[PDB]
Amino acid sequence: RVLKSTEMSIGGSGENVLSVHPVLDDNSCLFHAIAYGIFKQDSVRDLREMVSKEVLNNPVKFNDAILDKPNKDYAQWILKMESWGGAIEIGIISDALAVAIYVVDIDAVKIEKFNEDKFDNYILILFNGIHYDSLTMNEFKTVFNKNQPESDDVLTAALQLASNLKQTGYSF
């Protein structure tokens, strides 16, 4: 059993394996990665519409300064299939689906957590600077819980995987 560059054993025993699960490399990859992790089924349009609606309905929280463009303009912009999702989308989708989203940032070798204090359940998405993939355990499990015994080891493996990928030329 030899591990590939996109794989990392979890914990001291290494019985379970964390791996990259690639999604379609289109302009909607953030949404594909989140949909796979949470639903195990693709969704882009519904997720973009959810974000658009939340922004429109909350102009005080998502003001022009926060969005770096007028609220009404952002709400239409995020509906375009070519518009790249980011932290703003992640936060909104996380809140809406009641699952924390942990961004494993390859270039930084850090995990950016969204809503870790609200929801115990979390998914991991891998960010290389211009693209998102999903992270899975044993080629299947995507939803983890931070209070389960193996959670620390899962996060440790995610960080070590990110470090290895940074070192082998995978971040942009």
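We number the residues from 1 along the sequence you see.
Participant: On mean C-alpha B-factor from the PDB entry, just flag whether 113-121 or 47-55 is the higher one.
Facilitator: It is 113-121 that shows the higher mean C-alpha B-factor.
Participant: So, looking at the entry's B-factor column for Cα atoms, which has the higher mean, 145-153 or 159-167?
Facilitator: Of 159-167 and 145-153, the stretch with the higher C-alpha B-factor average is 145-153.
Participant: Ranked by Cα temperature factor within the chain, is residue 37 in the lowest third, the middle third or the highest third?
Facilitator: It falls in the bottom third of the chain.
Participant: Lowest, middle or highest third of the chain for the C-alpha temperature factor of residue 99?
Facilitator: Middle third.
Participant: Taking only the Cα B-factors deposited for this chain, tell me whether residue 10 sits in the lowest, middle or highest third.
Facilitator: For residue 10, whose C-alpha B-factor we compare with every modelled residue in the chain, the answer is the middle third.
Participant: Which third of the chain holds residue 17 when residues are ordered by C-alpha B factor: lowest, middle or highest?
Facilitator: Answer is lowest: the recorded C-alpha B-factor places it there.
Participant: Using the temperature factors of the C-alpha atoms in this entry, rank residue 30 within its chain: lowest, middle or highest third.
Facilitator: Lowest third.
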